[PDB]
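Please find one structure pasted underneath; my questions will follow.
Because the Cβ atoms are built from the backbone with ideal geometry, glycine has one as well, and the counts that use them run over all protein chains shown. What follows draws every value from the coordinates through simple rules; no lab data is involved.
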Amino acid sequence: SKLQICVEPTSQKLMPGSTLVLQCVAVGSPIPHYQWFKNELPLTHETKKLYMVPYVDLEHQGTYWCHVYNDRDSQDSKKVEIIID
């Protein structure tokens, strides 16, 4: 079945100390895999539908997206901006 992202991440405007929660959910068979990126670099070990940072600071500001893939198809989520004010 067609790999397709159904839940797209959302941009957020956060304060230091707030929680960052990004989500990307896809359907498909074979079952989709995920890998999150920030500022063009993979976030190590962030291979889940959720990416969550409990207490944010300025270092978490940036542009994020998730690569979603299986052994036939792949899609990139929308790019979202996390602003830390």
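Any idea which residue in segment 1-30 is surrounded by the most Cβ atoms within 10 Å (Cβ to Cβ), counting only those that are β-branched (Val, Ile, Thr) and closer than 19 Å to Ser74 by Cα?
Once the filter is applied, the top-ranked residue is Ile5.
Is it the case that segment 31-43 has a residue that's exposed (fewer than 12 other Cβ atoms within 10 Å of the Cβ), in contact with a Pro (Cβ under 8 Å, 6 or more places away or on another chain) and in a loop (DSSP other than H, G, I, E, B)? I'd like the intermediate steps shown before the answer.
Looking only at segment 31-43, we keep the residues that are exposed (fewer than 12 other Cβ atoms within 10 Å of the Cβ), and these are 31, 39-41.
So of that shortlist, the ones also in contact with a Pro (Cβ under 8 Å, 6 or more places away or on another chain) come out as none.
So far as segment 31-43 goes, no, none of its residues is exposed (fewer than 12 other Cβ atoms within 10 Å of the Cβ), in contact with a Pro (Cβ under 8 Å, 6 or more places away or on another chain) and in a loop (DSSP other than H, G, I, E, B).
Can we say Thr47 is of a type outside the set (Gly, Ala, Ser), surrounded by 13 or more Cβ atoms within 10 Å (Cβ to Cβ) and either in contact (Cβ under 8 Å) with a residue 40 or more places away in the chain or over 14 Å from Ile83 (Cβ atoms) (or both)? So that I can check it myself, show each step before the final result.
Working: of a type outside the set (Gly, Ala, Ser): yes; surrounded by 13 or more Cβ atoms within 10 Å (Cβ to Cβ): yes; either in contact (Cβ under 8 Å) with a residue 40 or more places away in the chain or over 14 Å from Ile83 (Cβ atoms) (or both): yes.
Judged against the criteria, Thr47 is a match.
Condition check: part of a loop (DSSP other than H, G, I, E, B), surrounded by fewer than 13 Cβ atoms within 10 Å (Cβ to Cβ), hydrophobic (A, V, I, L, M, F, W, C) and touching a residue at least 12 places away in the same chain (Cβ under 8 Å). Does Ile83 satisfy that? Reasoning before the result, please.
Numbers: part of a loop (DSSP other than H, G, I, E, B): no; surrounded by fewer than 13 Cβ atoms within 10 Å (Cβ to Cβ): yes; hydrophobic (A, V, I, L, M, F, W, C): yes; touching a residue at least 12 places away in the same chain (Cβ under 8 Å): yes.
In short, no.
Additional query: Suppose we keep only residues that are hydrophobic (A, V, I, L, M, F, W, C) and part of a strand (DSSP E or B) within segment 50-64. Which one would you say is surrounded by the fewest Cβ atoms within 10 Å (Cβ to Cβ)? Spell out the reasoning first.
Restricting attention to segment 50-64, the residues satisfying the condition of being hydrophobic (A, V, I, L, M, F, W, C) are 50, 52-53, 56, 58.
From the residues that got through so far, the ones that are part of a strand (DSSP E or B) too are 50, 52-53.
Values: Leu50: 13, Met52: 11, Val53: 17.
Per the stated criteria, the residue is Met52.
Just checking, does segment 18-40 include any residue being under 14 Å from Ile83 (Cβ atoms), among the hydrophobic types (A, V, I, L, M, F, W, C) and touching a helix residue (DSSP H, G or I) at 6+ places or on another chain (Cβ under 8 Å)? Give the derivation first.
So the first thing to find is which residues in segment 18-40 are under 14 Å from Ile83 (Cβ atoms), and the list is 18, 20, 22, 38-39.
Subset that is among the hydrophobic types (A, V, I, L, M, F, W, C): 20, 22.
Those still in the list that are touching a helix residue (DSSP H, G or I) at 6+ places or on another chain (Cβ under 8 Å) too: 20.
Within segment 18-40, one or more residues are under 14 Å from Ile83 (Cβ atoms), among the hydrophobic types (A, V, I, L, M, F, W, C) and touching a helix residue (DSSP H, G or I) at 6+ places or on another chain (Cβ under 8 Å).
Can I ask one more? Please verify whether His67 is part of a strand (DSSP E or B) and surrounded by fewer than 18 Cβ atoms within 10 Å (Cβ to Cβ), treating the condition exactly as stated.
Details: part of a strand (DSSP E or B): yes; surrounded by fewer than 18 Cβ atoms within 10 Å (Cβ to Cβ): yes.
When the stated conditions are applied, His67 passes them.
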